Amino acid sequence: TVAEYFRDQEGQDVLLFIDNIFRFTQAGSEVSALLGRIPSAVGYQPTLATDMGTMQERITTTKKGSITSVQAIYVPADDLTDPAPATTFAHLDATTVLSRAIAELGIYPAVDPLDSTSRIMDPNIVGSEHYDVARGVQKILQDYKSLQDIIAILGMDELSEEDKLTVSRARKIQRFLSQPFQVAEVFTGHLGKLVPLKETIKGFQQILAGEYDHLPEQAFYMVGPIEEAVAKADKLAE
Amino acid sequence: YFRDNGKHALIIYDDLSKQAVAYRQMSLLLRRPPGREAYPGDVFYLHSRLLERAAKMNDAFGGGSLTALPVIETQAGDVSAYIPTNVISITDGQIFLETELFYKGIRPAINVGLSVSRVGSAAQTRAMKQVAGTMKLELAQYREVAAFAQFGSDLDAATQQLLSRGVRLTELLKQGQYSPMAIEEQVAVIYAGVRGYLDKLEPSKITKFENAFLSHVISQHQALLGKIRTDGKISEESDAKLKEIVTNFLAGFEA
Amino acid sequence: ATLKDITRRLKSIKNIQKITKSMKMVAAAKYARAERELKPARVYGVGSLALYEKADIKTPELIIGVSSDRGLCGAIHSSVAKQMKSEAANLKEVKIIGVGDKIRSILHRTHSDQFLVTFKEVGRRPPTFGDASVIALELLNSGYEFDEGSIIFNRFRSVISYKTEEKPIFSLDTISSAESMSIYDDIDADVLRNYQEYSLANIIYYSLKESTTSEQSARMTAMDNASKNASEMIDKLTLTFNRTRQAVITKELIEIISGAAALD
Amino acid sequence: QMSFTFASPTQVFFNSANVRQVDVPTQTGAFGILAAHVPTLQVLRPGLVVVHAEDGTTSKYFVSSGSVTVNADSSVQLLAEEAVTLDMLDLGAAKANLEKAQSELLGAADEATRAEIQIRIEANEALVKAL
Amino acid sequence: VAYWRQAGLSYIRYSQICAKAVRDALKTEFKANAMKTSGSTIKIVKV
């Protein structure tokens, strides 16, 4: 309701954090019982769907603004088969799985990259530049991942260094996803840097293209803009 | 009441499991629904509010606190278990205890990864944090290899050590039956292991070390222990004081 | 099955998955070691036979299989084994050695007696030259000397394939006395033999390695295999899981939903 | 030239390397097998292997055993059971070992022990020559 | 070879003693490494 104000009234893209829908659904469901309502399979409130639905349907892009809904999602039963998330998926179109591990690699930000996904990535909407580059990347990351598996166990020149190169490119790309931080600048030092899309698409593409590969990788580490990566690249090449 | 009387009280709610049953029963007997998993819904609410009534209060409340250590004694790691799932969404972490260690004689019991302090460190002594930081890690890497080819199969040396280290720390992570500690004792022994001093020992003897070592510092290095309690923390000196004490003492402990 | 069953299964499979996986690297490491060990070695064994070749020979007069005491690694040993005792009828005098013991299977059931030796601790701390000599020396003492031995081992091709080998054991110091060996203008049935001898270790080491390297590398392979299987299953079980769970949940939820209530 | 294969499980030093000469303790004496030498097969004997590499250099070695195999051709393969570079071989030890060796010889049992001792002595000398 | 071949002593026996004698010899850093190639997982059976 508030967000409807900001959307419509304030014409905005309201960001709606709903944290967590799991708790929501659950909250409804808690009542379901008491309400003598028949809940559902898996216990869910019967209304699980409507509950979600109308609500999701109440979120959108009006032609005033958007209520862009970013929903923090505690995962019920850590599956999605738990009907709601599956349903949620119906309403999910950009999906965030954060990689605790990547973060643990000191990478900041450090999502699960391949499961930083969107059904809405397109060579159309987001165009092929994005798409493809990404497809190349996503793939690449994986490819790098693939090689990781080999090398990991077998020490090295277990690769040919084009694989290494891609591995490296990927690393840079990887690192470029790391971005210095503003909010936790108090901790980190540096600042939250913001990356206009073209620099992004371009950015990785370049790294991918190896056009930058003759430079180090921490360059990309803690960078927003591909320039800020390039600049740091140079800088790491002292 | 304590909380509002400043006081930081510790409640151990022992156990909500038992409650749950009763309560569930209560609903049912009241004919009233239970809920999900056949047991009440807002027994979560019951607790949610119950446990929300535990808090760390500001200063106005005399810093008010109730530290709540709620307890559930599990059947079959049923965490999946309704209330546990619930609870899982509620606490500030959960302390997973592991039997295997117990039968092994190992006390603590714990499965650590399962154990969590979401909170982690902020309430932690720097003293400990400083030695412990390092330990958590030493175990962490250790743990993957703690899992790896555990049997009589080699490892690379790095890892032969980590394993040793890990193992040592395990002993260290034992704690006797009805044998509480204090942070310095702990930090001390942690320091001991961290700084590797007892990898040296083959594992059985750790326990002997620790006690002996403890009774030793208890004799002398209350100087230090007291100090460490005081500084709350290790200074480079305290470290240095430790360093010798342990090394030599350790040397004495051994030979 | 009931979730237990699934778990039970799972439990193990996961374990396996680890165990095998564990064994995979463990092996890979061994294997890796062995891999290292091949360089001078390579030469060394290659060397070892490297002359009954130029100056050549053939008998008209010790069979041996040289591989592992290993299985779980695979059926490598069986491979040589096979191809070993399978032969033996033609030969001469019959004196066979299986060094390697999972090789001693296809041979070990026809004799226990026409074995001369076996090596144990095949691989392990990766097997080596000394040993090759060690095992070489006493071996000599025996009554079959080139009733032409064969040495059967898995000569590696790759960490995953080796080809179950034989090579022939020139223990001629005889027909090798005869021929184009004169050309080795002097040489003595000493020094001859005392190279034959010497090459017995060289090779021995080598063969041993060829096999063992193969085996160990095979062990990774086996251990892989297992995990591929695992991996899937593990996945699948996880369904079986949900289901039995849900089946459950639901079913109760039934009972709950007056499947025991209003409608008791 | 002889593609001299100079080896030990330890090492292949010259790996068919186009060497001019290797001086080799064969069992009676030696010979400095020169660049491509006739076939002759000789079983070594400890001495030092001195690999007069074609190059001008000679690299020094100690050899204990194996066979060098002098093919007709250019391939000469010293496959010394033990082939070492002197670097790794301690004169001091050799001597001391020799001290011992000589000591031991006296109680060495039979030609075989004696031999052994001697092998060792000879050896110790045989490093010692160079070493 | 008379100081070993006398009666018996293989070229191996000999050699190995030679080699052994190398093993016996060697400088230090270097000295670890010897036994590595020796009869070690030498465990001879006929089984």
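All residue numbers start from 1 on each chain and follow the order of its written sequence rather than the entry's numbering, and residues without coordinates are excluded. Ligands are numbered from 1 and chains lettered from A, in the order in which they are written. What you see is one piece of a larger assembly, and the values refer to that piece, not the whole. To get the side-chain values, take all heavy atoms of the structure and skip hydrogens and water. Residues with missing side-chain atoms are left out of burial classes, side-chain pairs and their counts.

Determination of this PDB entry was carried out by cryo-EM to a resolution of 7.10 Å, according to the record.

K.L.:
In this structure, what is going on with the overall build of chain D? I would like to understand it.
P.N.:
Secondary structure is summarised from DSSP: a helix means a run of H or I of at least four residues, a strand means a run of E of at least two, and numbering begins at the N terminus for each. A count of helices and strands for chain D gives two helices and eight strands. When the elements of chain D are put in sequence order from the N terminus, they spell out β-β-β-β-β-β-β-β-α-α. On C-alpha atoms alone, chain D measures out to a radius of gyration of 15 Å, which is about the 14 Å that the 2.2 N^0.38 rule sets for 131 residues. Its C-alpha atoms put chain D at 45 × 25 × 20 Å along the principal axes. For chain D, restricting intrachain contacts to residue pairs at least 6 apart in sequence, the fraction spanning at least 24 positions comes to 44%. Each radius of gyration is computed over the set of C-alpha atoms, and the globule rule expresses the reference value as 2.2 Å times the number of residues to the power 0.38. Should any heavy atoms of two residues lie within 4.5 Å, those residues are considered in contact.

K.L.:
I tried to follow the overall build of chain B on my own but got confused; where do I start?
P.N.:
Counting secondary structure elements, chain B contains 10 helices and two strands. In sequence order, chain B lays out its α and β elements as β-α-α-β-α-α-α-α-α-α-α-α. Principal-axis analysis of the C-alpha atoms places the extent of chain B at approximately 70 × 50 × 25 Å. Contacts in chain B between residues at least 24 apart in sequence constitute 54% of all its contacts with a sequence separation of at least 6.

K.L.:
What is the right way to read the pairing of strand β5 (residues 154-158) of chain C from this model?
P.N.:
Residues in a regular strand project their side chains so that they alternate between the two faces of the sheet. Residue and element names in this part refer to chain C. Note: two strands are recorded as paired if DSSP finds a minimum of 2 bridges between them. Bridge count between β5 and strand β6 (residues 161-164): four bridges; the pairing is antiparallel. Within β6, the position partnered with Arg 155 by the bridge is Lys 163. Linkage of β5 to β6, two consecutive antiparallel strands, is achieved through a turn of two residues.

K.L.:
What is the right way to read unusual backbone geometry from this model?
P.N.:
Trans is the common state for peptide bonds, and a negative phi is the common state for residues other than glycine. Of note, the amide linkage connecting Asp14(B) to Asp15(B) takes the cis form, showing an omega dihedral of 5°. Inspection of the secondary structure puts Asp15(B) in the loop between β1 (8-14) and α1 (16-29). Residues other than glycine seldom take positive phi values, yet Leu26(E) does so here, at roughly 90°. Relative to the assigned elements, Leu26(E) resides in the loop between α1 (11-24) and β1 (44-45).

K.L.:
Any chance you could explain the sheet that holds strand β3 (residues 66-72) of chain A here in plain terms?
P.N.:
Hydrogen bonds along the backbone pair up the strands of a sheet, which may run parallel or antiparallel. Spatial strand order, β1-β3-β2 (chain A): three strands in an open sheet with mixed pairing. Single-partner strands in this sheet number two, and they are β1 (13-19) and β2 (60-61) of chain A.

K.L.:
When you look at the interface of chain E and chain C in this model, what are you seeing that I'm missing?
P.N.:
Reports of interface size often rely on the accessible area that becomes lost once the parts have come together. Counting from both sides, the interface comprises nine residues of chain E and, opposite them, 10 residues of chain C. Classifying every residue of the side of chain E that touches chain C by side-chain character gives three nonpolar, four polar and two charged. Polar here means any residue other than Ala, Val, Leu, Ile, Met, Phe, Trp, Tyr, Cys and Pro, which are nonpolar, and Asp, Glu, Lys and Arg, which are charged; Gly is therefore polar.

K.L.:
In this structure, what is going on with the environment of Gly189(A)? I would like to understand it.
P.N.:
With respect to the helices and strands, the residue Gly189(A) is situated in the loop between α8 (185-188) and α9 (197-208). Along the backbone, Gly189(A) and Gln56(A) are 133 residues apart, and their C-alpha atoms lie at a distance of 39 Å.

K.L.:
Looking at this model, I keep getting lost on the domain arrangement of chain D. Mind explaining?
P.N.:
Domain annotation for chain D reports domain 1 (3-89) and domain 2 (90-126). Domain segmentation is taken from an automatic or database assignment of domains. Relative to domain 2 of chain D, the C-alpha centre of domain 1 of chain D lies at a distance of 24 Å.

K.L.:
I'm lost on the pairing of strand β8 (residues 75-85) of chain D in this one. Help?
P.N.:
Residue and element names in this part refer to chain D. With five bridges joining them, strand β1 (residues 2-7) and β8 adopt parallel strand pairing. Each bridged residue has a counterpart across the sheet, and for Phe 4 the counterpart in β8 is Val 76. Between strand β7 (residues 58-70) and β8, which pair antiparallel and follow one another directly, the connecting turn spans four residues.

K.L.:
Sorry, what's going on with the arrangement of the chains here?
P.N.:
Of all three pairs of chains that touch, the greatest number of contacts is found between chains C and E. There is a gap between chain A and chain C: no contact, and a shortest C-alpha distance of 6 Å. Spatially, chain B and chain D are disjoint, and the shortest separation between their C-alpha atoms is 23 Å.

K.L.:
For this particular structure, what's the right way to read the packing of helix α1 (residues 3-49) of chain C against helix α4 (residues 193-256) of chain C?
P.N.:
Any two packed helices are characterised by how steeply their axes cross, that is the angle between the axes, and by the distance between the axes. Residues and elements named next belong to chain C. Working convention: axes come from line fits to C-alpha atoms, limited for helices to the stretch in contact. Angles between N-to-C directions cover 0 to 180 degrees. One can describe the packing of α1 onto α4 by two numbers: an axis separation of 8 Å at closest approach and a directional angle of 155°. One way to sum up the angle between α1 and α4 is to call them roughly antiparallel. Crossing of α1 against α4: the hand is left-handed. Residues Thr 20, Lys 24, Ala 27, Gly 45 and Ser 48 of α1 pack against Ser 199, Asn 202, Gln 216, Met 220 and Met 223 of α4. Looking at the contact of α1 with α4, its residues break down into three nonpolar, six polar and one charged. Note on terminology: angles under 35 degrees are roughly parallel, angles over 145 are roughly antiparallel, angles of 65 to 115 are roughly perpendicular, and the others are oblique. Each crossing gets its handedness from the near helix: less than a right angle anticlockwise from the far helix is left-handed, clockwise is right-handed.

K.L.:
What am I meant to see in the sheet that holds strand β4 (residues 149-152) of chain C here?
P.N.:
Residue and element names in this part refer to chain C. Pairing is mixed across the open sheet formed by four strands, whose spatial order is β2-β1-β4-β7. Whereas interior strands pair on both sides, the edge strands pair on one side only; in this sheet they are β2 (96-99) and β7 (167-169). Shown here is a sheet whose adjacent strand axes are inclined to one another by a mean of 20°, direction ignored. As defined by bridge partners, strand β1 (residues 63-66) adjoins β4 across two bridges and the pair is classed as parallel.

K.L.:
Whenever I open this one, the environment of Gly130(C) confuses me. Can you help?
P.N.:
Along the chain, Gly130(C) turns up in helix α3 (residues 129-140). Residues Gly130(C) and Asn202(C), 72 residues apart in the sequence, show an inter-C-alpha distance of 9.3 Å. The residues contacting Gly130(C), other than those within four sequence positions of it, are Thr37(E), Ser38(E) and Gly39(E).

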